[PDB]
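Participant: Residue numbers (full-length UniProt numbering), protein chains in the order written: chain R, 151 to 200; chain F, 942 to 965, 981 to 1011; chain A, 9 to 63, 310 to 376; chain W, 161 to 337; chain D, 3 to 99; chain L, 68 to 194.
Backbone N, C-alpha and C fix where the C-beta goes; we use that ideal spot for every residue, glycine too.
Below is a structure I'd like to ask you about.
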Amino acid sequence: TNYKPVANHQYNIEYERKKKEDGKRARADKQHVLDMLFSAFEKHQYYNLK
Amino acid sequence: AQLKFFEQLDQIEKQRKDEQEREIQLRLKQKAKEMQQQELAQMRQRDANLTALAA
Amino acid sequence: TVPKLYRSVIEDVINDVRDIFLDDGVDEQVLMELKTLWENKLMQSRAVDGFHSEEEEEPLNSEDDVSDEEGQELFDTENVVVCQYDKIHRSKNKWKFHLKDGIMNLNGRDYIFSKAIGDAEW
Amino acid sequence: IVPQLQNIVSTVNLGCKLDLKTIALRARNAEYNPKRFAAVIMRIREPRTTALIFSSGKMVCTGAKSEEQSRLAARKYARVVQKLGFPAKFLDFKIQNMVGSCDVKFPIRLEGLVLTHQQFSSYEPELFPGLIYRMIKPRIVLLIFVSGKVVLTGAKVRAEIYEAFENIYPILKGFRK
Amino acid sequence: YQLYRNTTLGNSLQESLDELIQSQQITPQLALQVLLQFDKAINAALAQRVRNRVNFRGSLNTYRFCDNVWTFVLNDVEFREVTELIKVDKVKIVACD
Amino acid sequence: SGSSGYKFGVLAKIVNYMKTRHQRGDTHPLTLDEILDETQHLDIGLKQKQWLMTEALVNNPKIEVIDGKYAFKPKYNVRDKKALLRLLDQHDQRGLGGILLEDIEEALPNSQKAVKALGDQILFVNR
């Protein structure tokens, strides 16, 4: 019934994703960000925070 | 210039189809597609700029 | 097999921008001027043959000159390689290069690779 | 046996705000990737040393194998930064940690040491092969492998490493196979 | 990536365009649109025919890495591919992914 | 999605950058063409340029024109950050509802004007 696995298989899969890609990166280029930010607003008056 | 005006007029003819389409959204889809590229273009601009600076 | 790819790409690009020139506004003559201007520069350079061409805490300066010449890095004629990287990993002093889709100009000749693997010590 | 120093981690304040992106583009041998880490990693060949230069002006230098070599390497890193043109100062070159390695030259029984010294020594075979003898009077963490190589870590000054070796020398000789 | 514009191919193109711009034969903005088309085309063209590859060996010098791009300057080394030897006293290597 | 010219955010950006360079002490009336010039964004396209000038700066409910040149409309008083007693001094509206949100960033954080403001009559309650 009980095996001897070292790293759970599910845990090992998330590790590669988080290491490969970081969801939030540099806190930098304020001017650059605004443009990215303004553009989204054109499509919609309302977007959820996430 | 009047031929160009006629071409512009065709524009309004097909914008009628656009309304009927919405009444039935292609323009909206195109706009959405255009919105998506902006971010990729900026990313290319930063990395591309860095490459230009390098050489 | 390289002049061929270039012709191939020039043709495709020219064909693919025709409508843009037209939509933007431009006579097809301008398009042909582009092709001519473009083909001609390569012929003038003569790097290869083309079908078109044939037609104390402060006195820090007390420790200086450690840096070498920055200007040595740029010649403007230096063999320039354009490629993409998959992973570049160096362990200790070993640098390993895992590259792809590259166009090389070595000793004057032009080469291409889908993958390139290299090693170097720094 | 005399232990030999293998790593000096030193921290020095340049004194002013630094723009990291500008440093990466002009300095040679420099990598600054924001997603993985927030600092410029700069490496020099003449004295082997890898230095993280932080954005707020604090610099940490690593990889030097002696005290004078670390101070000299930190000064070299500061001067490269200055030649770019940012205002530069050198303050508090203070060593943080020094790792030293030595060999007793005789086989040692780790299991026995745990039996008579359970209070200061912790050993688990599965997690790591070597016993850790954290020592309180001279604050140092010493890792002893079965073969006999002892690595001493966490010493503020050169001396501390030498006194911990004197104490460990005879205790190991008692547990020598 | 506007990466491949300063290449033989890309520069001959820009020069040709500038002329047309100079003679008002061809103009700007449109020129930008053409370059944009070029970027898409050269990226796509590169990953096409393939069937080529090169192992190289070297002794480094400078290195640089920014947001996504390595630029080296390997020197005094010879690279042999398919029994062909290339001798370089100074080589600059740029990879932008 | 109605009518869109060039890149989105040109308006909410032109006004702001002005809402910024002027506060940064660069105080002087300007025009949309001058803003494109200084921002090196002149190549926004004549159509968009025109649409911005005629409409974007017409649909703005608080934009100020004497004539040629657009002016800031958020505060009637120049953001001096000092000597408001006359406004403060006036006793016909119990201090005229002073706004903290308008205050700050003219050339200093209010925590500097206020202390003198604390030193002087100026009294502020963060209710």
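(1) Assess contact between the segment 50-61 of chain D and the segment 69-85 of chain D, defined as three or more Cβ pairs (one per stretch) separated by less than 8 Å. Is contact present?
(2) Give a yes or no on whether 8 Å exceeds the smallest Cβ distance from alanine 190/R to chain W.
(3) Measure the alpha-carbon distance for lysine 154/R versus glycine 334/W and round it to whole angstroms.
(4) Among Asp99/D, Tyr3/D, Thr64/D, whose alpha-carbon lies nearest the alpha-carbon of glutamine 326/A?
(5) State yes or no: is the C-beta of residue 204/L within less than 8 Å of the C-beta of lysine 136/L?
(6) Are the beta-carbon atoms of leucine 50/A and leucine 22/D separated by less than 8 Å?
(7) Output needed in chain order: residues of the segment 190-204 of chain W with a Cβ under 7 Å from some Cβ in chain R.
(8) Using the Cα positions of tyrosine 196/R and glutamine 993/F, report the straight-line distance between them to the nearest angstrom.
(9) Excluding the 5 residues flanking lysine 350/A on each side, which residues of the same chain have their C-beta closer than 8 Å to its C-beta?
(10) May I ask you to list, following chain order, the residues of the segment 166-185 of chain R that have a beta carbon less than 9 Å from some beta carbon of chain F?
(11) Using a C-beta to C-beta distance shorter than 7 Å, which residues of chain D count as neighbours of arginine 231/W?
(12) Along the beta strand (DSSP E) that carries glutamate 63/A, what are the first and last residues, could you check?
(13) For the segment 32-60 of chain A, list the alpha helix (DSSP H) runs that are entirely contained and at least 4 residues long, ordered along the chain.
(14) For a cutoff of 8 Å on Cβ pairs, would you count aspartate 24/A as touching chain D?
(15) Could you tell me if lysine 89/D is buried or exposed, where buried requires 16 or more neighbouring beta carbons within 10 angstroms of its beta carbon?
(16) To the nearest angstrom, how far is the alpha carbon of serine 281/W from that of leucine 314/A?
(17) Counting contacts by CB-CB distance shorter than 8 Å, is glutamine 4/D in contact with chain A?
(18) Return the first residue and the last residue of the alpha helix (DSSP H) that residue 338/W is part of.
(19) Can you tell me the Cβ-Cβ gap for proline 207/W and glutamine 229/W, rounded? I've got them flagged as a contact below 8 Å.
(20) Please report the distance separating the alpha-carbon of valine 145/L from that of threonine 87/L.
(21) So which residues of chain F does residue 109/D contact, with C-beta pairs closer than 8 Å?
(22) In the DSSP assignment, what residue or residues form a beta bridge with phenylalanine 191/L?
(23) Using CA coordinates, which residue listed in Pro330/W, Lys177/W, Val240/W is at the minimum distance from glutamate 324/A?
(24) Let me know if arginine 205/W comes out buried or exposed under the rule of 16 or more other beta-carbons within 10 Å of its beta-carbon.
(25) Can you check the segment 215-296 of chain W for any beta strand (DSSP E) of at least 3 residues that lies completely inside it and give the ranges in chain order?
(26) Less than 8 Å separating the beta-carbons of residue 102/D and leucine 185/W?
(27) In this structure, does DSSP put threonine 209/W in helix, strand or coil?
(28) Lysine 369/A: which of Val38/A, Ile18/A, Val336/A, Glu19/A sits nearest, CA to CA?
(29) Can you name the residues of chain D whose CB is closer than 8 Å to the CB of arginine 208/W?
(30) Taking beta-carbon pairs under 9 Å, can you tell me which members of the segment 234-252 of chain W lie near chain A?
(31) Quick check on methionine 40/A: buried or exposed, where buried means 16 or more other Cβ atoms within 10 Å of its Cβ?
(32) If contact is defined by three or more beta carbon pairs under 8 Å, each pair taking one atom from either stretch, is the segment 254-267 of chain W in contact with the segment 308-325 of chain W?
(33) Between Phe197/W, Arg231/W, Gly217/W, which has its C-alpha nearest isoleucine 168/W's C-alpha?
(34) In terms of alpha-carbon separation, which member of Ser226/W, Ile321/W, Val301/W lies closest to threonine 209/W?
(35) Alpha carbon to alpha carbon, how far is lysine 92/D from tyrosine 192/W? Give it in angstroms, no decimals.
(36) With distances taken between CB atoms, is the gap from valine 75/D to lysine 94/D smaller than 8 Å?
Facilitator: Reading off the structure:
(1) Remark: three or more beta-carbon pairs, one from each stretch, lie closer than 8 Å, so the segment 50-61 of chain D and the segment 69-85 of chain D are flagged as touching.
(2) For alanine 190/R, the answer is no, since every Cβ of chain W falls outside 8 Å of its Cβ.
(3) Near 38 Å, if we compare the C-alpha coordinates of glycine 334/W and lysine 154/R.
(4) Among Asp99/D, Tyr3/D, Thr64/D, the Cα nearest to that of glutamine 326/A belongs to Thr64/D.
(5) Here chain L comprises residues numbered 68 to 194, so residue 204/L is not present and cannot be evaluated.
(6) Cβ atoms of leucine 50/A and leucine 22/D: not closer than 8 Å.
(7) Going along the segment 190-204 of chain W in chain order, one finds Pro194, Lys195 with a Cβ nearer than 7 Å to chain R.
(8) For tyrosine 196/R and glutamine 993/F, the distance between alpha carbons rounds to 21 Å.
(9) Once the five neighbours on either side are set aside, the close Cβ partners of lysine 350/A are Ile342, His343, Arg344, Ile371, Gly372, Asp373.
(10) Cβ contacts with chain F: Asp179, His182, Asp185.
(11) Per Cβ cutoff of 7 Å: no residues; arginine 231/W is ~25 Å from chain D at best.
(12) It is not in any beta strand (DSSP E) - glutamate 63/A carries neither H nor E in the DSSP assignment.
(13) Scanning the segment 32-60 of chain A for uninterrupted alpha helix (DSSP H) segments of 4 residues or longer gives 36-53, listed from N- to C-terminal end.
(14) For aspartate 24/A, a Cβ of chain D is located within less than 8 Å of the residue's own Cβ.
(15) Using a 10 angstroms sphere on the CB of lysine 89/D, the tally of other CB atoms stays under 16, which defines it as exposed.
(16) Approximately 47 Å between the Cα atoms of the pair.
(17) By this cut-off, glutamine 4/D is not an interface position.
(18) For residue 338/W there is no data in the structure shown, the boundaries of chain W being 161 and 337.
(19) Sure, about 5 Å apart at Cβ, within 8 Å.
(20) Their Cα atoms are separated by approximately 14 Å.
(21) This structure does not reach residue 109/D, given that chain D is present from 3 up to 99, and the question cannot be answered.
(22) Beta-bridge pairing links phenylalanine 191/L to no other residue.
(23) The residue from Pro330/W, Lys177/W, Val240/W with its alpha-carbon nearest to that of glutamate 324/A is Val240/W.
(24) Classification for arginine 205/W: exposed.
(25) Correct list: 218-224, 251-263, 291-293.
(26) In this structure chain D extends from 3 to 99, so residue 102/D is not present and cannot be described.
(27) It is a strand residue.
(28) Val336/A is the residue among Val38/A, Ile18/A, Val336/A, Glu19/A whose C-alpha sits nearest the C-alpha of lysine 369/A.
(29) Going along chain D, no residue has its Cβ under 8 Å from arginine 208/W, so there is no contact; the nearest lies around 15 Å.
(30) Cβ contacts with chain A come from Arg235, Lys236, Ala238, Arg239, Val240, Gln242, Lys243, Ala248, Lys249, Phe250, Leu251.
(31) Classification of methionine 40/A: exposed, given that the 10 Å Cβ count is below 16.
(32) Segment contact: the segment 308-325 of chain W against the segment 254-267 of chain W, three or more CB-CB distances shorter than 8 Å; contact assigned.
(33) Among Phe197/W, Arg231/W, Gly217/W, the Cα nearest to that of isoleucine 168/W belongs to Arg231/W.
(34) Selected option, being the one with the closest Cα: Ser226/W.
(35) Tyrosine 192/W and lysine 92/D have their C-alpha atoms roughly 25 Å apart.
(36) In contact: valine 75/D and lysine 94/D (Cβ atoms closer than 8 Å).
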